[PDB]
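Before I ask anything, here is the structure I am working with.
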Amino acid sequence: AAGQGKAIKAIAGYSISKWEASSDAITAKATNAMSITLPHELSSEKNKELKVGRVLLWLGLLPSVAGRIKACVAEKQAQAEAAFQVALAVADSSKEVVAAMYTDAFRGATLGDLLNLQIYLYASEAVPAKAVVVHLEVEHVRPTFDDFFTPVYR
Amino acid sequence: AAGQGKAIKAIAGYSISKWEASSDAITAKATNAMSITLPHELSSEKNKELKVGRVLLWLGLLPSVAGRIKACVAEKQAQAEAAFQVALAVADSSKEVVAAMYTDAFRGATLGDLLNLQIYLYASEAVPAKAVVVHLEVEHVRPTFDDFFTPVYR
Amino acid sequence: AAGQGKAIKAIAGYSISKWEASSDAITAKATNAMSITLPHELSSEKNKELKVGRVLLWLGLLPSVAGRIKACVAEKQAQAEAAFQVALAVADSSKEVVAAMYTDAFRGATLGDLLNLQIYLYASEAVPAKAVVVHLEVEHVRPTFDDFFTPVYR
Amino acid sequence: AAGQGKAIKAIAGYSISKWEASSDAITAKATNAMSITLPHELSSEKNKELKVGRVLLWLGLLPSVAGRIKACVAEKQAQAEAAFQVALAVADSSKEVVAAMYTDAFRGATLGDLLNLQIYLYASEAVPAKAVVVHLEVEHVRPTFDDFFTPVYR
Amino acid sequence: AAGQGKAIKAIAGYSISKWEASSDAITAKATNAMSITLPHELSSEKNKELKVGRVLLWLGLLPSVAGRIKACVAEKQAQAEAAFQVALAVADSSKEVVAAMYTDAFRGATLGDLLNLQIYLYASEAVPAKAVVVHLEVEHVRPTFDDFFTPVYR
Amino acid sequence: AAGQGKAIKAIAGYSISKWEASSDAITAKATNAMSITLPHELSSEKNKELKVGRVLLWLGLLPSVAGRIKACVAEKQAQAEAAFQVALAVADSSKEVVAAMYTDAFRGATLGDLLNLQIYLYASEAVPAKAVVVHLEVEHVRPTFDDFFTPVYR
Amino acid sequence: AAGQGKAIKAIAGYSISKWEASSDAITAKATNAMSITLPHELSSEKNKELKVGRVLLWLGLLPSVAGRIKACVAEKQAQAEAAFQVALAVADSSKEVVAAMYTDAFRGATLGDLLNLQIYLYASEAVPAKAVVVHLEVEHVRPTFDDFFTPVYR
Amino acid sequence: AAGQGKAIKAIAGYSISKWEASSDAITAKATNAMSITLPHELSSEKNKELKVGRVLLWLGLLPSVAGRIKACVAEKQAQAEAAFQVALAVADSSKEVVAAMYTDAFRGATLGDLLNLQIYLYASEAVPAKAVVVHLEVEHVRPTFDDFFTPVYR
Amino acid sequence: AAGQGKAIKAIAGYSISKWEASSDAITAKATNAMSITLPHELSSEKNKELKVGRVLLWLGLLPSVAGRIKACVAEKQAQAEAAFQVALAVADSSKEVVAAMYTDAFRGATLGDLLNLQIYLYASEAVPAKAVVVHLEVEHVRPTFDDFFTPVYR
Amino acid sequence: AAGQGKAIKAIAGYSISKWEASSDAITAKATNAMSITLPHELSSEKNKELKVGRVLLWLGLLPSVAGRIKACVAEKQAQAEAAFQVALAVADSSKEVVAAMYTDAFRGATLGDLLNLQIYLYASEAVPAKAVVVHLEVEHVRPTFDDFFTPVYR
Amino acid sequence: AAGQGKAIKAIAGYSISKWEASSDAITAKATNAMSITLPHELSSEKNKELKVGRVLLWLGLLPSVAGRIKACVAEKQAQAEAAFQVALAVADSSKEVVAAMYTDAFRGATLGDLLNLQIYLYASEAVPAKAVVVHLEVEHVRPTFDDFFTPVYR
Amino acid sequence: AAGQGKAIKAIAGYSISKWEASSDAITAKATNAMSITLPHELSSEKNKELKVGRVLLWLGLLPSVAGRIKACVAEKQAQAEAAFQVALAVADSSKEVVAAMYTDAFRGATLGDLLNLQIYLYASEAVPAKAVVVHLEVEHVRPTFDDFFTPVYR
Amino acid sequence: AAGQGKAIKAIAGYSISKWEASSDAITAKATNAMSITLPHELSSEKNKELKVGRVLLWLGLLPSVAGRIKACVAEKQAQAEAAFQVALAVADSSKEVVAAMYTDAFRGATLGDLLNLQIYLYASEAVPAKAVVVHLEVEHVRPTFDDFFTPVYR
């Protein structure tokens, strides 16, 4: 009566940018480490400084993909494997809900800082490239738009 | 509080149309792609323009049906398999709740647009035809009725 | 805990009648179809017309019963198997909650109509008779009692 | 008033259960002593403890039944005849109103206690069996009904 | 200290229809069983569904008629004699008041149901035909009347 | 009108003491004269001075007791027979109600005075001893109870 | 106190029943154990359920009675002697005040429970029978009296 | 104000009459029984009807008087000795306070009734006559005084 | 509070004069009779007329003094011994409190009248002279002081 | 939200008593039936009558314990196995939450009644003794505590 | 002492725990020294820290126990005998009230501290074991109860 | 409470200092005279001038100490024995309460003055040294405490 | 009106300290028992006394770690294995949520007490060291900070 019929809503002043990234082939027990790339509209300097709120990560797999997939967002790791030991949430294909909701892990940071983070992706068995799409949804402060025309009328 | 003895209610002004569709045989690891067909009462032009709200999809399987079934609603795909990587919800027979609730995926669209969508249905093992019934429940704006007689008495 | 602590309560004017029914042996993949029998107190004509609200169905199995059990309430079916494809709820022993709550499936009907319904019971493996007790709980309008003595004193 | 076109009503919270018992042949001047048997619905332990209010007893005789019939409710008697000397009310076929209304004789007792009471029936002349039906009407606290389903939903 | 110059009045919304039926010869100790026949104005379908309230039955006998007459209204009986053992009221010529007021026996039923009832009439001695008139007074919901003319000025 | 299901209630400040007395054999047309004996609890001096209100007397006879019985309460009589000519009320077995309600005959007197009264009992035919129980119900001022402990702790 | 001229008063709604019991001969150092017997007026079922408040016990001895007497109220004991070790109060003839006031020992219990209690009586020297009177005063809820006459008037 | 040097005061409308009585010789273990004699001023008929409240009794002994003295006020006894077993208070020379305060024993009685009472006096050893003075103090309704002269002026 | 850690206080307008008197030898069972001597300051005529309130008398004995001592204040007696039978209070060395508080015995009298009273002192055994000090404390109206100088300055 | 960072709280007036019981060895597919034992503090008569509310049962197993364990609370069963078919809740080690919350199954009963209940424990494989601890938590009316000392001080 | 009819009541927030301890044989003039043992319910760590208020100690002796018994509570003594010289209260069988009320001796301390105290018990004559029961009543802060179930539902 | 569960409290502004003194051997009938010694904290000049209120003195004796002990506080006496004849209170071991409360004897005096007083102690029989502890409790004006630091900062 | 987008928040006045601990190799079916170490900032005396609220424990494992891991917090155990039978919560890698939330297990305790607790960690298969990171999060009263400089300026 407030969850399965309604979606989770952004806070006042923020909006949600969503984008994806396709996986690269991954060998059994391996852990690839792709990086975050902001969508063009958010790459400006003015935007790369917008403050982040919550971050959600979920996975889209081909029905065929067998095995177990796990993924998460954490800072660059000396050892990929280890990301999963410190990540504050993990999207795991074997659970009921295959998603990772970072409630405060990056709250306060800003887009751009997200560029220094990484998405670690593990698979228990070999998985073809493009077989896993990683969806990322970032709640951040709503960007500002231009309110004035260039002043050409002297 | 402590209980789910009430179903999710339609929003003010909307009602929920429910209908089903029987599956066609499906071979192991295959992904059939049946299409949405509005119920006759909703096929009129006046109706095919009623705005959609939420859309629920669930599966009815024969108890015997072994294996894993997955289904979802998405736009026509170049590759059937791929639908599951972008669908915003998936009904999966291996989960506790085998249903897919599209909260906003089609909100704003109108019936008829639903005609351009598809229902992708995957099975990990061979499945006889008619062994899976796909239930579809669309919350849409309530159609209008005639409140006036033909003007005969001049 | 915080998961609940309270049971689901009947609506105003209604009460809940509960009764059970023991299973008959059932062979692997089979689907028996026992029928609903109102409790004596509800068999009168006056009562068989009391309106139904919600209906709950749950299973009580012997610890030993191995395999998977599924059950449901639906109208007489040409094919037993098929009941599970149209039933609005299914009690399934493999889930966390092995119960089926029919929120509106029979709301409005009346006891007695329940007599034309059936309880389909499936088992993935052979199961001895009496190994499964099917509990049925019907929320219906509360029956009336006499408020007057026979007018004897003239 | 101007007359009784209204029956006597049960006090608040109580209802009236009515049932009968057929007589056994009875010889002139004799006094049979049949016993009270609660109706099945009231035989449960939960019910056998419902408090009693007023109790009414009346007789239904074949038109042909000649002679005088008297009946009453009292505790088991050493001497049947004697019941009529202590009973607080007696139904007598020779009176205008052939009924016995025990206003307080059993008020406070509970159903079940009624099981330890007896119905003494006298006849001045020989009377065939089944020729007299003894109607008993008991005003008692209304039994309670279940308001909650079984807590299933976790 | 009240009064006895006032008859019992029908409740709001109801009215009282009265009619009679003449007896057929009746032999000593016998019990004839004539049946209820609604008055023509009440035989329509619209009316045969009007709800009943109270029902009064009284007897009109020739001064000469000796012996004892009893009468009552009850459902069709296997044994005529037995009606008097279950009837909730009996008109008996030997009492001060020779009438039977069914306060609730048929409350709720409807006219027409009255057609399935019977009037049992007993006499302790032989009685010529037409020597007893059985008056019947039924309080029922007031029938509705037409408030509109046929719409012709169109 | 309803209320024929209520007993006559004692006035404010008073309560009703009830007790009985068994008859002694009585020969045809004779008139025995037993006397009033207060119940032990009322024999104290403090109590024998409680003021009386109404007094009720009724009879309990063996069903068999044939003939006519009459009884009443009056002051000691020179001639037993005569009591019935001055008694303000008489219990008579031939009437509808076999009781005598002295509304004011002893109002104002006190218990104890009742000791100087007598119960005259007449029978039209011979009657065995113990065949008639005379019930006596006296409404009197409610006796006072002790409100203090003995003063020992001083 | 403010001087000592007032007795201890019963609480609202309660009254005090007082009664005594005579002793049986008692040998030196012996401990007799007589039992509590409610006064007739309190032996009814209605009364044996009246709640107790405080209980007082004091002794009345012949002036001649030499030696020391002790008494008390406690539950049936395996060993008479031992009663005095657990009794919450003891009446002792050698003290200034020879009484035992049980303030809460039996508060809440009901008359009748008092029947399961005992009065232990010890004497340091031989004492004739009847030489000691044991007074008992029980504060209990004020018993109820009949407020209705037997309904003889229909 | 506050204190410990205040005597116990008579209730409103009452006053306290005090008087004494000298003892008669008394032999060891014996129990004399002198009687109450109202003071002359209280012997009038008008006064012998004044209601009593509390009664106090104390003893005045010669310093020499050895042994133990006990006294009390109770109704005439069959056995002198026995008075002490029922008296509600006893003045005993061996106690700290040699007095007996009858708080309610005679409350309600009237002077004169006091004439039917007795003062039992026991001594453990032989005691000369006049060696014990028995003081008696009675709180009673204040006798009324004449407020009118004789109507001499007609 | 008032009689615990606080002494009993003189009433308004009064004060308490305290003084003592030494005893004269006293032989076993004897009763000396010393007399009251006002303190010099109270011997004036003006003072000897001050009204008395309460009077307290207590004894001070040598630790060694064995036996029992009794004392009191009463009017001159024909027989010393007898004082103790009429004195309204007695100071007794065998009691808890060895004092005599005359609450009203001399209330109203005046100092000087005290000169006509006597202090009777009894001893059960021989007692040396000066071995008992009799303390006397009289509450009386406070004497008046001079508020004016001699009108010498004109 | 209030999430599961808060435990389920007892209703006003009640408190929760928790205690455990160690298992006895159990053979494959067997079903032991240990019984409930109230904790000492609750064994008193005063307590064995405290009303129960909700009851929770959960299991504590050794990490090593392999197989499936099920447990429940029900009345003594003819057949242990059968308890699981009628129990209103079952703690099952294979579920997410291994507990059984009886919301109303024993509401209204009292402690002590719990003594007539049993804990049935089943295991799919052999399990050593003490390998399973059964925790029981009973919500019941809070026991009352003494607020008064023994009335020692006179 | 102070108030009769009423027991001394606990201060707001505290309650009274009562328990006993049986004596061990004791030889003439000897002084045993048993120790305090908290009742199980109070042995928990949470409880052993509940603050104490007043403490009462009284004795229960067999009627036969001759001689004088004294008892008290004090800290462990080098010399048992000496306890009685410093204890702030002593229960003495020779006094009117055989009890010891420690008003402030242990106020502020906590249960548990009571464990470091001792109960010294003296007897002037030889006394069998178990012949003296020492009752101990401690007023302490009211212990707190569990208001939550174990958080099992996560 | 009742006044038996509360100690006597010091007056506003005052506090109570308590201390003891051990006795020196004392021969039969002798009277030792130990002197008062203020506790160190009270020996300062500032304190020796604090005003006294009430003074309490009680005795702590060895259980064995036989005989009679008496004690008191008075000014230095020419004759020890004599102190008891003028002391305003005496602690006497033979009384119920072995204490001496000087309500006004030293009120107004100051500590230090107490140094000029003496404690006289008498014994009827020989008593070892240290066998009697004399407790002294003095209510006096509460000593004042410094509210300022030394003015060091100049 | 949303769902799981919020984190459980600390109560007013408290904050949450989080820290971790790396595991040591662990052999199949073994149960290591590491101990709690407060973070430096919390090791001060001032802090080790800050009260605890809720405690959360969760595990971070290498994706590769196969087998089942269980962990929990409990007091030092005689038998490691046994911790899991009494811990009020267990983090289990096989469940949906691998965490243990101690809602009240340590509420009230203080940091430092946590030092006497242990973290038991079990594994069904051999696990390398450092392969499991145990996260511990403690909600405790917020520590205070210094608000003043050292008073160096005189």
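Chains: A, B, C, D, E, F, G, H, I, J, K, L and M, in written order; residue numbering restarts at 1 for each.
The criterion applied here is as follows: a contact is a pair of C-beta atoms (placed from the backbone, for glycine too) under 8 Å apart; a residue touches a chain by one contact, two chains touch by 3 or more.
J.: Across the interfaces I-L and A-M, which one involves more C-beta pairs in contact?
T.: Result of the comparison of I-L and A-M: A-M.
J.: Once subunit B is fitted to subunit G on CA atoms, what angle does the rotation have, in steps of 5 degrees?
T.: So the copies are related by a turn of 70 degrees.
J.: Check I-L, A-M or C-D against J-K and flag the pair whose interface repeats it, over half of the contact pairs matching by residue number.
T.: C-D
J.: Could you state the distance in Å from the CA-based centre of subunit D to that of subunit L?
T.: 85
J.: In whole angstrom, how far does the Cα centroid of subunit B sit from the Cα centroid of subunit I?
T.: Taking the average C-alpha coordinate of subunit B and of subunit I, the gap between them is 114 Å.
J.: What is the distance, in whole Å, between the centres of subunit A and subunit D, each centre taken as the mean of its C-alpha atoms?
T.: A distance of 79 Å separates the two centres.
J.: Would you kindly tell me how far, in whole Å, the mean C-alpha position of subunit D lies from that of subunit B?
T.: 64
J.: Can you pull out the residues of subunit J that are in contact with at least two other chains?
T.: 3-9, 54, 56, 96-97, 99, 101, 103-104, 148-151, 153-154
J.: For the complex, which residues does subunit J have touching subunit D?
T.: Those residues of subunit J that touch subunit D are 88-89, 97, 101-104.
J.: In their shared complex, at which residues does subunit D touch subunit F?
T.: Residues 1-9, 29, 31, 54, 70, 81-82, 84-87, 95-96, 101, 103-104, 122, 124.
J.: With touch defined as at the start, can you tell me which subunit C residues reach subunit K in the complex?
T.: Subunit C reaches subunit K through residues 1-5.
J.: Quick one: in the complex, what on subunit C touches subunit D?
T.: By the definition above, subunit C touches subunit D via 3-4, 6-10, 15-18, 40-41, 54, 56, 58, 96-99, 101, 135, 137, 139, 142, 145-154.
J.: What residues on subunit A touch subunit B, complex-wise?
T.: Answer in residue numbers: 1, 4-7, 60-64, 96, 132-133.
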